[PDB]
Amino acid sequence: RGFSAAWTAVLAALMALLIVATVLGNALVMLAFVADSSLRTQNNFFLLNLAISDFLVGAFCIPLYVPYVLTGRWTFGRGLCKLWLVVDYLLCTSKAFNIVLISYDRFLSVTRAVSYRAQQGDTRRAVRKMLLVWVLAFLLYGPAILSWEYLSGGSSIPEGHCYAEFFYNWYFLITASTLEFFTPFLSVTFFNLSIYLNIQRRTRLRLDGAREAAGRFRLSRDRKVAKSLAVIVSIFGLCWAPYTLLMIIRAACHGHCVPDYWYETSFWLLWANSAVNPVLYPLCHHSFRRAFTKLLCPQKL
Amino acid sequence: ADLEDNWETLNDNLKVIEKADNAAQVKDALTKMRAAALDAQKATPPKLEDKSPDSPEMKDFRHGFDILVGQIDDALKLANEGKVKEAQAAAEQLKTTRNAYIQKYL
Ligand SMILES: CC(C)CCC[C@@H](C)[C@H]1CC[C@H]2[C@@H]3CC=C4C[C@@H](O)CC[C@]4(C)[C@H]3CC[C@]12C
Ligand SMILES: CCNC(=O)[C@H]1C[C@@](F)(c2ccc(CN3CCCC3)c(F)c2)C1
């Protein structure tokens with residue numbers, strides 16, 4: 001595979017900008033947690049979790065792959081192939097499973113608002129939910145990557161390249177694809193729909209002067225939380241859906257109807273999401289607009 | 001993509017040969033492999049759109065295919081005497097010659 005000198009020079013330039021953008025963007029997000037201790041909230045920690053994954057896609061996953069698309073050869077031994085594979089499959093399903101968790105936390109904040117108020121500053125509870133997520137994420141692809149070769153009596157991946165030993169196993173790929181896509185997509189759809197109905201109901205609720213007046217202010221806040229969640233959920237959906245959907249389709253036509261370069265394009269769209277998130281946090285959240293101010297332009301006092 | 005399609009052909013015919021039982025199937029599969037190999041040898045790999053035919057990379061690409069054609073011809077020799085088992089065993093060696101020498105350039 002690979003590319004002529006002229007094409008590698010244009011792609012390397014572009015691959016590099018994406019690296020710098022992803023790395024700087026998520027370092028800046030992590031440094032804002034340092035600057036502002038008001039970001040010590042469960043919701044905020046769930047976003048910090050997304051920024052860590054994103055940092056690693058930039059610092060680790062894109063960089064090791066660059067030389068491999070450009071030249072067609074993995075030059076790092078199968079050992080480092082397995083580690084890079086584990087980490088790329090891990091950061092994918094972790095981002096997905098963390099969007100689920102963020103969506104749940106937002107659903108509880110609108111639908112269970114008074115119970116959520118007491119729990120919100122509990123970051124120990126938050127950090128333990130994110131850890132469980134890292135283990136659940138690992139479990140889906142982690143062991144299969146590390147163990148398939150010995151279960152199958154040796155590798156079917158020539159020493160040239162770097163693929164999951166299950167990557168032309170359609171049976172494994174259909175059940176991993178459908179879980180990887182539907183678990184997150186149906187859970188996330190449900191929470192967001194359920195936030196919409198909750199707000200619509202309370203909006204059509206008939207209350208007296210102070211209760212009504214207290215709850216249109218609380219609905220203004222819920223409506224904002226719902227936009228915030230829709231925007232990030234949508235932009236993730238549109239970065240992640242092509243790759244998740246194409247895998248389901250590759251596995252169900254046994255690799256005969258999906259060209260390699262379709263799914264390889266989709267990698268960059270999914271990895272590009274890691275550059276985008278850093279910009280969405282302050283677009284969509286006060287708490288992040290506040291933190292970035294405390295860090296970059298604290299002159300606002 | 002004619003190089004992509006000639007590689008396609010090498011794959012399909014190599015699995016027929018694992019799967020076969022008589023000399024005619026093995027023979028036809030190799031004659032196909034051979035044609036595809038000679039065709040693929042005349043290709044310019046995408047990697048190399050910008051290189052001379054006297055380029056070390058382009059000489060090496062073409063030498064990979066000399067190994068391959070020659071190995072297919074040894075296996076034709078054996079198939080063309082009804083030695084189906086030898087000719088099938090020799091087909092395995094094609095996989096080595098493909099990965100070690102040619103797959104780099106795809
Ligand atoms: C402007 C910057 C920040 C964005 C970077 C975009 C670059 C890194 C992305 C956008 C389009 C991507 C290309 C789209 C499609 C393919 C085909 C695939 O078979 C190999 C990778 C390749 C060639 C991608 C390489 C990386 C790529 C060029
Ligand atoms: C074309 C050069 N080789 C490749 O692109 C290989 C295809 C490869 F096995 C691969 C790596 C990682 C994944 C999983 N990634 C999860 C996030 C985007 C894709 C694959 F599905 C496939 C790397």
Side-chain angles (χ1 to χ4, degrees), chain A residues 1-2 61 64-65 67-69 71-90 92-93 138-177 179-180 247 250-251 253-256 258 260 263-264 267, chain B residues 4 7-21 25-26 29-30 33 36-37 64-65 67-68 70-72 74-75 78 84-106:
Chain A
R1 295 218 84 176
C61 295
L64 284 187
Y65 183 70
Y68 178 34
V69 262
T71 76
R73 327 192 235 189
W74 185 270
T75 66
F76 294 129
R78 228 150 322 162
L80 234 223
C81 170
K82 298 273 190 50
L83 174 64
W84 174 88
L85 285 169
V86 164
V87 174
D88 190 37
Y89 273 100
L90 171 61
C92 189
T93 104
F138 172 89
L139 232 49
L140 188 64
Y141 295 107
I145 297 168
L146 288 178
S147 73
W148 203 271
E149 158 188 4
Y150 311 108
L151 293 168
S152 238
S155 13
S156 46
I157 274 29
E159 94 110 57
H161 17 262
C162 187
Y163 291 79
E165 243 89 20
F166 54 80
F167 199 60
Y168 301 88
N169 196 115
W170 312 133
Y171 297 106
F172 183 72
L173 242 28
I174 240 295
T175 73
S177 335
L179 289 166
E180 162 89 285
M247 291 314 309
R250 253 221 332 154
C253 78
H254 300 153
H256 299 288
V258 172
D260 304 344
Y263 75 68
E264 292 166 7
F267 294 177
Chain B
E4 194 186 303
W7 212 68
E8 245 288 308
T9 318
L10 296 197
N11 294 19
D12 297 339
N13 284 287
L14 189 42
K15 84 199 323 204
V16 164
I17 285 167
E18 297 169 336
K19 236 225 306 278
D21 285 278
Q25 296 171 302
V26 177
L30 288 163
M33 281 190 69
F65 268 111
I67 312 177
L68 205 73
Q71 279 187 151
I72 288 156
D74 289 359
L78 303 169
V84 175
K85 299 302 79 115
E86 277 103 318
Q88 261 176 155
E92 305 333 307
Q93 251 278 65
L94 272 309
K95 306 212 170 205
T96 274
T97 299
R98 199 159 69 178
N99 311 353
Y101 301 92
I102 300 158
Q103 161 221 129
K104 341 204 313 173
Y105 290 111
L106 303 171

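Note on naming: letters A, B, ... go to the chains in the order of the sequence lines (proteins, then strands), and numbering restarts at 1 for each one. Only this structure's heavy atoms are used, side chains among them; waters, hydrogens and symmetry mates stay out.
One distance of note links CD of B/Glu86 with CG of B/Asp74; it measures 12.5 Å at 0.5 Å rounding. Taken from CG in A/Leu179 to CD1 in A/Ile174, the straight-line distance is 9.5 Å, to the nearest 0.5 Å. Rounding to the nearest 0.5 angstrom, the gap separating the CG atom in B/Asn13 from the CD atom in B/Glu18 is 11.5 Å. For the atom pair A/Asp88 CG and A/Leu83 CG, the distance stands at 11.0 Å (nearest 0.5 Å). The structure places CZ of A/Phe167 at 12.0 Å from OG of A/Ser156, a figure rounded to the nearest 0.5 Å. Distance check: A/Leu146 CG to A/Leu151 CG gives 11.0 Å after rounding to the nearest 0.5 Å.
Residue pairs meeting the salt bridge (charged side-chain N to carboxylate O under 4.0 Å, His left out) criterion with at least one partner in residues 159-172 of chain A, sequence neighbours excluded, are absent.
Among all heavy-atom pairs drawn from B/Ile102 and B/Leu68, the shortest one is CD1-CD2, 3.8 Å. Heavy atoms only, all atoms of each residue included: A/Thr93 and A/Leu140 are closest at CG2-CD2, 4.2 Å. Summarising the geometry of B/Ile17 relative to B/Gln88, their closest heavy-atom pair is O-OE1, 2.6 Å, with the distance given to 0.1 Å. A/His254 and A/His256 get closest at one heavy-atom pair: O-CD2, 3.0 Å. Between A/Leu64 and A/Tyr68 the shortest heavy-atom distance is O-CB, 4.4 Å. Residues B/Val26 and B/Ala87 come closest through the heavy atom pair CG1-CB, 4.1 Å.
Contact of the A/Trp170 side chain with the A/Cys253 side chain is not registered, since no non-hydrogen atoms from C-beta on lie closer than 4.5 Å. B/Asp21 places none of its side-chain heavy atoms less than 4.5 Å from the side chain of B/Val84. In this structure the side chain of A/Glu180 reaches within 4.5 angstrom of the side chain of A/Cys92, judged on heavy atoms. Contact check for A/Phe76 versus A/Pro67: side-chain heavy atoms found under the 4.5 Å cut-off. Using a 4.5 Å heavy-atom cutoff, the side chains of B/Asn11 and B/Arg98 are in contact.
A perpendicular orientation is assigned to the rings of A/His161 and A/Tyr163, their planes being inclined by more than 60° (bins at 30° and 60°). Ring pair A/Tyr263/A/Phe267 is tilted by interplanar angle, where 30° to 60° counts as tilted.
Checking side-chain atoms of A/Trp84 against main-chain N and O of A/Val87 turns up no donor-acceptor pair under 3.5 Å. Within the 3.5 Å criterion, the main-chain N or O of A/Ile157 finds no donor-acceptor partner in the side chain of A/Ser155.
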Kindly indicate, with the supporting measurements, whether the criterion side chain to side chain contact (heavy atoms under 4.5 Å, CB included) is fulfilled by B/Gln71 and B/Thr96. CA-CA 11 Å; B/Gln71 279 187 151; B/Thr96 274; 5.9 Å; no
Before you tell me yes or no, could you show the steps for A/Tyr141 and A/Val86 under side chain to side chain contact (heavy atoms under 4.5 Å, CB included), namely the whole-Å CA-CA distance, both residues' side-chain angles and the distance that decides it to 0.1 Å? CA-CA 7 Å; A/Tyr141 295 107; A/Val86 164; over 6 Å; no
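Residues B/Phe65 and B/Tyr105 keep their aromatic ring centres 6.0 Å or farther apart. Taking the centre of each ring, A/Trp148 and A/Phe172 come in below the 6.0 Å mark.
Under a 4.0 Å N-O distance rule, the pair A/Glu149/A/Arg78 does not qualify as a salt bridge.
Within a 6.0 Å radius of NZ in B/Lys85, other residues, nucleotides and ligands contribute more than 12 heavy atoms. More than 12 heavy atoms of other residues, nucleotides or ligands shown are found within 6.0 angstrom of CD on A/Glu264.
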